[PDB]
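Enquirer: Got a structure here, written out as structure tokens. Questions coming.
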Amino acid sequence: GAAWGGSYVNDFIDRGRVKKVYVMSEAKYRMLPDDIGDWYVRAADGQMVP
Amino acid sequence: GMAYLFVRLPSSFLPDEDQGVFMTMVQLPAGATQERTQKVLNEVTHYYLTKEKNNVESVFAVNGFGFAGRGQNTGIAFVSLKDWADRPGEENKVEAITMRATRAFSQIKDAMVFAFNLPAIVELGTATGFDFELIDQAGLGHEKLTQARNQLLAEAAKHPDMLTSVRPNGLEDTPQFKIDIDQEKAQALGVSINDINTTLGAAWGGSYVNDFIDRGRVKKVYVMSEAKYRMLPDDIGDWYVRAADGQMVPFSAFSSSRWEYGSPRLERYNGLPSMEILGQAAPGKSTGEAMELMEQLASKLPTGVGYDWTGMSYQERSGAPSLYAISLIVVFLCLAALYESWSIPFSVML
Amino acid sequence: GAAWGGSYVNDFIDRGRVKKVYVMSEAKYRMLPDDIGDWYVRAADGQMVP
Amino acid sequence: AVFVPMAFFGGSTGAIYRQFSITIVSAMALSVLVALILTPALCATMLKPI
Amino acid sequence: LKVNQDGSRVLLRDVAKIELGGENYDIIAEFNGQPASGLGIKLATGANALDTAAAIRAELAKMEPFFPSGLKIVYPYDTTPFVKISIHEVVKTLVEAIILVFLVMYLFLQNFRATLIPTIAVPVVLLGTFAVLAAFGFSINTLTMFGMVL
Amino acid sequence: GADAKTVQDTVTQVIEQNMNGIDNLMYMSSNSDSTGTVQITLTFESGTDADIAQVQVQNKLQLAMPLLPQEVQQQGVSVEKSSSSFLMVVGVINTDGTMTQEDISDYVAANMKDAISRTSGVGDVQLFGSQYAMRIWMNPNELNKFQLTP
Amino acid sequence: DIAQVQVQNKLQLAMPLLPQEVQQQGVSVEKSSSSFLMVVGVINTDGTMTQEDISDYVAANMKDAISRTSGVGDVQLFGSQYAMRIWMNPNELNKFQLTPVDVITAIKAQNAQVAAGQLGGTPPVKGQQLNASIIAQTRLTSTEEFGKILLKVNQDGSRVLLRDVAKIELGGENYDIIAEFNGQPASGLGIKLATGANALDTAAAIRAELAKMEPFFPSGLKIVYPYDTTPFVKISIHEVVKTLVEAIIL
Amino acid sequence: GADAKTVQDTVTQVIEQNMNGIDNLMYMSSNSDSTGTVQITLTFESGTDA
């Protein structure tokens, strides 16, 4: 979800003014279904499953 | 003669009418159970479909709802009547029907059951009636105030001449199954209180987990113990909680259990604990006389207990027959100023 | 935060009335700049770090 | 005078009397206007000569 | 719930019974004995009872076509009817009171043309009264109707 | 699942303590049930704007919501301006045995109740029964057997 | 009113762009006044209550009532209400390897009100004869009880209670305001007026209410009035009505 | 990151079934969509103070 849609994380202050802070994925890594295979996620093991 | 009858005539507000409808209330004693109050609701519904079947059309009975507030010991029954036309006679109007029924239910085996009429303007009151809040004016707590309240009732019974049916509106305290978690034993054995309290609460209390969709409508999802394991004090030990050991600990290995009384309906008035009391003035004697007496009995209650009038009995210092006084004087001024006189008025005004 | 500023933890009932519960450092230990060195925080390896 | 006073019996009951009175006084205000148009002119041009 | 390390599964159904059932089970209602449910409806502060009750039975009629065969609405307790008939039995009594005025100008005048200057006069100031109750913003109620009768 | 005193000392009193500065307020009163339910009633001086009162109360209520337990929050808190007497009770039954009581009552809650309760002039709608929920009915033996808690 | 609405209708726009930290606490929208209508001050006559005890008394048995009394806007408490005040010593915390983190966790754990359902609950098994609430943990109620909060059991079996790492007591929620009446410890309500209301009829409501509470005061508590604005009104009416009968004689 | 059905079933329904005891409302409507947003719009009687 964060990678492919984007998370709102929290705020910060830019030039005396409060503003959002999203993290998405870099566009290139979330365009087409083969892109899914790029992503991995930690297990109990502490390895990186895909 | 006109001044005599006037002073010997009662003073109601609006007559209670027959509206096609009325309600019956059922309160069973606390401890009671859903299935036991349904017994009473049946015998209520029965009376109306067999005995008063010339007058009744529908009884809509609700177990669990109450005019009082919810709970497994209360009920209500809404009652619809045949048309006014189709039941001629005064013994076939609400007044009578409610009386008969209330009398009839009077011998229901241990359950307050009371048929009564809608009263013209509900918020404005029952003519001879008063509504009284006793109050924990500082610190006392439920028990000390239950007692204060008892004192007050006991002594208002000792004046049947002035007061009648002085009674609490609330509920009497009932037994309760207290459970202590012994914190040491738990923290010894490896069980958090978080898992303990969640397990107890979810099983016996029920627990709203999250939503799901049933035929396109979002609806709640609940987890709770099947009824079998949630009925008796013993069933507590059916439940196990997993320590970090990996090991399922009995509930009974970190916990006492004991019976204790407490209220099932804690009531409060303007911000602090209270107990509502209803009653009427005695037949003949007026309400301001009963209110005066009730304030006086109130005066001699223990320390920290106060009172307040509320509802129908809250402030009536308004209206007055001083605007009857102006009326005839402004009628005077205008008969005078019609007849260009001051004796020609007294002609008609008399 | 809880030490120099306090922290509202949860409630209790004082003589029949819900009121607040606070944790905070005792005065002695939040008066001087030097007092920051009084507090230790505990690393995840079980030992206390000033 | 015999009515409008009760239209100010205010508080609690007030609006029960306020409704009754204002009705009866409005009904009299209209009664004169009837007696000063329709009751005269009609008598003239309805009840038989005598 | 878990995969037993031997290979097995613990599905939720193996530790609990699972059915649709109430959010709650405190409330249970019958209608002349027959199992039922319904909506108890309380009126909003200041709302009109008669309008609101019609609004409801409009909206209920919107729904009846789409009910599922077997379901039937029933009307066990209604405040409105009496409010509506109370007013009408008065508005009858007001026309009767005209009809007994008209006939005691015949043991008292005897021109049909003259027994009519009264019997017209009453209706014209009544219907004007209603217009003024309308001006001040009053309603037609048991007190305003007994106004007219008096 | 909360008992009377638990309701009182975690919902009722926190709400009560924030009913401050609310015009033409005559008195306030509240019940806290064994049934886990609290209702507080604020009664206002006569001819008070009932829409404004609500707004005014709900305002202060809002400042207190953060302090109620998640569970009381999640069940939905409400502020209504109603008449305490039922205007009517609409009944619903089943003619042909194709719907149980539980089912009739779910149908009402989930096809009737919402429409009715938006129909202007309707302060409160009491459902005599319950909307369905998904029920997980835990067995403690079966749970323990597999070394599990709720 | 119709301007509190509009303000609250426009504050909805800003509402979510403000931190969740802010959205807890809450945002008020009060029709505000500024000056104090009056200040009711409370003092103790016989040494049986301190400045902090009086303050807590005023907050816990007078401020609530008066803030709902007929006419009143904001109330200001000159002092604070008690709280359970766990005053933690950083050294003793080290001695047992503990942190304010451990203390708050314990506190949430062991001072808690827990809903535990009931015996004979709905839906039941048919034939059930009893139904009663199951009561579990309740909120603590006393300093002894908070003292006895277990934090950890040491290796030797010996236990580290909360009274081992902290001084426990009733105290204020803040210690910021401190008030004095002719040099003498007081608390007080600083009453504000509610945006147009009969200040004259308001103060006689405040005063009439204060009398309702006077008989339930503890020994030694005495209401005093260091700052009423309404006597000036009462008099200023007499001294223009004094003119009225002056002028109509002249 | 949401899609009409996510948006409808977690947000739109929940709000809708929750708009009650609002005075003088004629009808209301919702457009839960796949930009991941919803708008619900309630329309009142002519004359309703907005």
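To be explicit about the labels: the chains of the structure tokens are called A, B, and onward in the order shown, and within each one the residues are counted from 1, while ligands get numbers from 1 in the order they are shown.
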Near chain B, meaning an atom within 10 Å, which residues of chain H appear when counting only C-alpha atoms? Write them as a list in words.

Expert: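 Only these qualify: residues 8, 9, 10, 11, 13, 14 and 17 of chain H.
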
Enquirer: Quick one: residues within 8 Å of segment 124-138 of chain G, only C-alpha atoms counted, chain neighbours fewer than 5 positions away excluded, as a ChimeraX atom specification?

Expert: /B:31-33,35-36,174-181,227-228,231 /F:3,6,34 /G:110-119

Enquirer: Produce a file of the selected residues containing C-alpha atoms, as a PDB file, in the first residue's frame.

Expert:
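Writing done, so here's selection_31.pdb:
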```pdb
ATOM      1  CA  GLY B  31     -31.524 -11.023  39.792  1.00  0.00           C
ATOM      2  CA  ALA B  32     -34.384 -11.761  37.398  1.00  0.00           C
ATOM      3  CA  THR B  33     -33.711 -13.125  34.041  1.00  0.00           C
ATOM      4  CA  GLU B  35     -36.906 -15.769  30.413  1.00  0.00           C
ATOM      5  CA  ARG B  36     -38.557 -15.069  33.711  1.00  0.00           C
ATOM      6  CA  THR B 174     -28.139  -6.740  43.698  1.00  0.00           C
ATOM      7  CA  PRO B 175     -25.329  -9.330  44.052  1.00  0.00           C
ATOM      8  CA  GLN B 176     -22.257  -9.219  41.750  1.00  0.00           C
ATOM      9  CA  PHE B 177     -19.535 -11.634  40.992  1.00  0.00           C
ATOM     10  CA  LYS B 178     -16.226  -9.862  41.837  1.00  0.00           C
ATOM     11  CA  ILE B 179     -13.011 -11.330  40.453  1.00  0.00           C
ATOM     12  CA  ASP B 180      -9.528 -10.284  41.683  1.00  0.00           C
ATOM     13  CA  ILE B 181      -6.516 -10.831  39.487  1.00  0.00           C
ATOM     14  CA  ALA B 227     -23.553 -19.132  26.185  1.00  0.00           C
ATOM     15  CA  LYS B 228     -22.702 -22.483  27.836  1.00  0.00           C
ATOM     16  CA  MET B 231     -23.617 -18.856  32.799  1.00  0.00           C
TER      17      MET B 231
ATOM     18  CA  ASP F   3     -21.237  -2.648  34.617  1.00  0.00           C
ATOM     19  CA  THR F   6     -17.685   1.324  35.222  1.00  0.00           C
ATOM     20  CA  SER F  34     -25.734  -2.518  34.418  1.00  0.00           C
TER      21      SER F  34
ATOM     22  CA  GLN G 110      -3.066  -1.824  37.776  1.00  0.00           C
ATOM     23  CA  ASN G 111      -5.132   1.302  38.151  1.00  0.00           C
ATOM     24  CA  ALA G 112      -7.843   0.305  35.607  1.00  0.00           C
ATOM     25  CA  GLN G 113     -11.601  -0.123  35.409  1.00  0.00           C
ATOM     26  CA  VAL G 114     -12.388  -3.238  33.414  1.00  0.00           C
ATOM     27  CA  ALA G 115     -15.599  -4.315  31.852  1.00  0.00           C
ATOM     28  CA  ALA G 116     -16.029  -7.988  32.454  1.00  0.00           C
ATOM     29  CA  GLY G 117     -19.548  -8.833  31.231  1.00  0.00           C
ATOM     30  CA  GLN G 118     -21.977 -10.863  33.337  1.00  0.00           C
ATOM     31  CA  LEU G 119     -23.266 -14.228  34.490  1.00  0.00           C
TER      32      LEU G 119
END
```

Enquirer: Which parts of chain D does DSSP call alpha helix (DSSP H) when run on the backbone here, written out as a ChimeraX atom specification?

Expert: /D:14-35,38-44

Enquirer: Could you write out that same residue set with N, CA and C atoms as a PDB file, in the first residue's frame?

Expert:
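Below is the file again_37.pdb, written as the result:
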```
ATOM      1  N   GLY D  14     -49.027  29.401  30.742  1.00  0.00           N
ATOM      2  CA  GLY D  14     -49.024  30.525  29.788  1.00  0.00           C
ATOM      3  C   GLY D  14     -49.489  30.290  28.357  1.00  0.00           C
ATOM      4  N   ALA D  15     -48.748  29.476  27.603  1.00  0.00           N
ATOM      5  CA  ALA D  15     -49.071  29.208  26.202  1.00  0.00           C
ATOM      6  C   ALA D  15     -50.367  28.415  26.005  1.00  0.00           C
ATOM      7  N   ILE D  16     -50.892  27.785  27.059  1.00  0.00           N
ATOM      8  CA  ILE D  16     -52.212  27.163  26.996  1.00  0.00           C
ATOM      9  C   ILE D  16     -53.275  28.245  27.031  1.00  0.00           C
ATOM     10  N   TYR D  17     -53.047  29.254  27.878  1.00  0.00           N
ATOM     11  CA  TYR D  17     -53.947  30.410  27.993  1.00  0.00           C
ATOM     12  C   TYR D  17     -53.719  31.421  26.871  1.00  0.00           C
ATOM     13  N   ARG D  18     -52.454  31.732  26.604  1.00  0.00           N
ATOM     14  CA  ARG D  18     -52.036  32.578  25.476  1.00  0.00           C
ATOM     15  C   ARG D  18     -52.733  32.120  24.198  1.00  0.00           C
ATOM     16  N   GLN D  19     -52.840  30.810  23.967  1.00  0.00           N
ATOM     17  CA  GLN D  19     -53.527  30.293  22.757  1.00  0.00           C
ATOM     18  C   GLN D  19     -55.021  30.561  22.821  1.00  0.00           C
ATOM     19  N   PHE D  20     -55.617  30.243  23.952  1.00  0.00           N
ATOM     20  CA  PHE D  20     -57.038  30.428  24.092  1.00  0.00           C
ATOM     21  C   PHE D  20     -57.441  31.910  23.930  1.00  0.00           C
ATOM     22  N   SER D  21     -56.817  32.792  24.701  1.00  0.00           N
ATOM     23  CA  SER D  21     -57.195  34.206  24.737  1.00  0.00           C
ATOM     24  C   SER D  21     -57.018  34.886  23.398  1.00  0.00           C
ATOM     25  N   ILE D  22     -55.776  35.033  22.943  1.00  0.00           N
ATOM     26  CA  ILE D  22     -55.488  35.625  21.641  1.00  0.00           C
ATOM     27  C   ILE D  22     -56.481  35.113  20.569  1.00  0.00           C
ATOM     28  N   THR D  23     -56.873  33.839  20.612  1.00  0.00           N
ATOM     29  CA  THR D  23     -57.946  33.361  19.723  1.00  0.00           C
ATOM     30  C   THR D  23     -59.263  34.132  19.934  1.00  0.00           C
ATOM     31  N   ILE D  24     -59.747  34.188  21.179  1.00  0.00           N
ATOM     32  CA  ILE D  24     -61.026  34.848  21.519  1.00  0.00           C
ATOM     33  C   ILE D  24     -61.026  36.391  21.274  1.00  0.00           C
ATOM     34  N   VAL D  25     -59.918  37.075  21.570  1.00  0.00           N
ATOM     35  CA  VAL D  25     -59.779  38.525  21.284  1.00  0.00           C
ATOM     36  C   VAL D  25     -59.647  38.820  19.790  1.00  0.00           C
ATOM     37  N   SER D  26     -58.905  38.004  19.056  1.00  0.00           N
ATOM     38  CA  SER D  26     -58.897  38.143  17.600  1.00  0.00           C
ATOM     39  C   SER D  26     -60.278  37.921  16.999  1.00  0.00           C
ATOM     40  N   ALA D  27     -61.048  37.037  17.619  1.00  0.00           N
ATOM     41  CA  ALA D  27     -62.389  36.742  17.157  1.00  0.00           C
ATOM     42  C   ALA D  27     -63.360  37.877  17.438  1.00  0.00           C
ATOM     43  N   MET D  28     -63.095  38.675  18.472  1.00  0.00           N
ATOM     44  CA  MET D  28     -63.918  39.856  18.767  1.00  0.00           C
ATOM     45  C   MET D  28     -63.531  41.059  17.924  1.00  0.00           C
ATOM     46  N   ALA D  29     -62.235  41.312  17.769  1.00  0.00           N
ATOM     47  CA  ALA D  29     -61.761  42.311  16.807  1.00  0.00           C
ATOM     48  C   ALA D  29     -62.415  42.156  15.419  1.00  0.00           C
ATOM     49  N   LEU D  30     -62.649  40.918  14.991  1.00  0.00           N
ATOM     50  CA  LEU D  30     -63.326  40.642  13.714  1.00  0.00           C
ATOM     51  C   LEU D  30     -64.847  40.755  13.793  1.00  0.00           C
ATOM     52  N   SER D  31     -65.415  40.530  14.981  1.00  0.00           N
ATOM     53  CA  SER D  31     -66.864  40.667  15.216  1.00  0.00           C
ATOM     54  C   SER D  31     -67.375  42.087  15.003  1.00  0.00           C
ATOM     55  N   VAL D  32     -66.640  43.086  15.494  1.00  0.00           N
ATOM     56  CA  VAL D  32     -67.068  44.462  15.302  1.00  0.00           C
ATOM     57  C   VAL D  32     -67.008  44.737  13.813  1.00  0.00           C
ATOM     58  N   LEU D  33     -65.893  44.425  13.150  1.00  0.00           N
ATOM     59  CA  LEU D  33     -65.794  44.707  11.718  1.00  0.00           C
ATOM     60  C   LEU D  33     -66.932  44.062  10.934  1.00  0.00           C
ATOM     61  N   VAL D  34     -67.415  42.901  11.371  1.00  0.00           N
ATOM     62  CA  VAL D  34     -68.617  42.307  10.764  1.00  0.00           C
ATOM     63  C   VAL D  34     -69.866  43.157  11.085  1.00  0.00           C
ATOM     64  N   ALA D  35     -70.037  43.539  12.354  1.00  0.00           N
ATOM     65  CA  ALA D  35     -71.136  44.441  12.763  1.00  0.00           C
ATOM     66  C   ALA D  35     -71.033  45.870  12.196  1.00  0.00           C
ATOM     67  N   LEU D  38     -71.146  43.868   7.434  1.00  0.00           N
ATOM     68  CA  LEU D  38     -72.067  42.884   6.843  1.00  0.00           C
ATOM     69  C   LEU D  38     -73.386  42.800   7.575  1.00  0.00           C
ATOM     70  N   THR D  39     -73.358  42.846   8.895  1.00  0.00           N
ATOM     71  CA  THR D  39     -74.599  42.814   9.653  1.00  0.00           C
ATOM     72  C   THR D  39     -75.540  44.036   9.367  1.00  0.00           C
ATOM     73  N   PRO D  40     -74.990  45.272   9.242  1.00  0.00           N
ATOM     74  CA  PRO D  40     -75.871  46.395   8.857  1.00  0.00           C
ATOM     75  C   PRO D  40     -76.355  46.293   7.402  1.00  0.00           C
ATOM     76  N   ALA D  41     -75.459  46.547   6.445  1.00  0.00           N
ATOM     77  CA  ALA D  41     -75.762  46.534   5.007  1.00  0.00           C
ATOM     78  C   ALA D  41     -76.666  45.389   4.547  1.00  0.00           C
ATOM     79  N   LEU D  42     -76.495  44.213   5.150  1.00  0.00           N
ATOM     80  CA  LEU D  42     -77.304  43.045   4.826  1.00  0.00           C
ATOM     81  C   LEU D  42     -78.707  43.207   5.377  1.00  0.00           C
ATOM     82  N   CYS D  43     -78.841  43.619   6.648  1.00  0.00           N
ATOM     83  CA  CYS D  43     -80.174  43.902   7.248  1.00  0.00           C
ATOM     84  C   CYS D  43     -81.007  44.780   6.309  1.00  0.00           C
ATOM     85  N   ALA D  44     -80.363  45.852   5.834  1.00  0.00           N
ATOM     86  CA  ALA D  44     -80.932  46.779   4.860  1.00  0.00           C
ATOM     87  C   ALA D  44     -81.478  46.010   3.676  1.00  0.00           C
TER      88      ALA D  44
END
```

Enquirer: In Å, rounded to a single decimal, give me how far atom CA of residue 47 of chain E is from atom CA of residue 47 of chain H.

Expert: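 A separation of 16.0 Å between them.
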
Enquirer: Write out, as CSV, each residue of chain G that has an atom at most 12 Å from chain H, together with the closest pair of atoms and their distance in Å to one decimal, counting only C-alpha atoms, rows going by chain and rising number.

Expert:
```
residue,atom,partner,partner_atom,distance
G:2,CA,H:49,CA,10.5
G:5,CA,H:50,CA,10.6
G:6,CA,H:50,CA,10.1
G:9,CA,H:50,CA,10.7
```

Enquirer: Restrict the selected residues to C-alpha atoms and save them as a PDB file, in the first residue's frame.

Expert:
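Result file again-v1.pdb:
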```pdb
ATOM      1  CA  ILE G   2     -25.558  31.859  14.858  1.00  0.00           C
ATOM      2  CA  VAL G   5     -22.165  28.238  14.231  1.00  0.00           C
ATOM      3  CA  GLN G   6     -20.243  29.604  11.184  1.00  0.00           C
ATOM      4  CA  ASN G   9     -18.576  25.474  10.477  1.00  0.00           C
TER       5      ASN G   9
END
```

Enquirer: Mind pulling up the distance from atom CA of residue 137 of chain F to atom CA of residue 17 of chain E?

Expert: 5.0 Å

Enquirer: Provide as JSON, numbers by chain the residues of chain A at most 9 Å from chain H, counting only C-alpha atoms.

Expert: {"A": [1, 2, 4, 5, 6, 7]}

Enquirer: If we count only C-alpha atoms and set the cut-off at 9 Å, which residues sit around segment 40-53 of chain F, ignoring sequence neighbours fewer than 5 positions away in its own chain? Please answer as a list in words.

Expert: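 Returned residues: residues 268 of chain B; 11 and 12 of chain D; 45 and 46 of chain E; 12, 15, 16, 19, 22, 23, 24, 25, 26, 27, 28, 29, 30, 31, 32, 58 and 81 of chain F; 1, 2 and 5 of chain G.
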
Enquirer: Tell me as a PyMOL selection string which residues belonging to chain F come within 8 Å of chain C, counting only C-alpha atoms.

Expert: chain F and resi 9-10+13-14

Enquirer: Considering only C-alpha atoms, give me a table of residues in chain B that are at most 7 Å from chain E, with the closest atom pair and distance in Å for each, as CSV.

Expert:
```
residue,atom,partner,partner_atom,distance
B:19,CA,E:82,CA,5.4
B:20,CA,E:82,CA,6.7
B:21,CA,E:77,CA,6.6
B:45,CA,E:32,CA,6.9
B:58,CA,E:76,CA,5.6
B:59,CA,E:32,CA,5.2
B:60,CA,E:31,CA,4.6
B:61,CA,E:30,CA,5.3
B:62,CA,E:29,CA,4.4
B:63,CA,E:28,CA,5.3
B:64,CA,E:27,CA,4.6
B:65,CA,E:27,CA,6.3
B:71,CA,E:26,CA,6.9
B:72,CA,E:26,CA,6.2
B:78,CA,E:77,CA,6.2
B:79,CA,E:77,CA,6.5
B:80,CA,E:77,CA,5.6
```
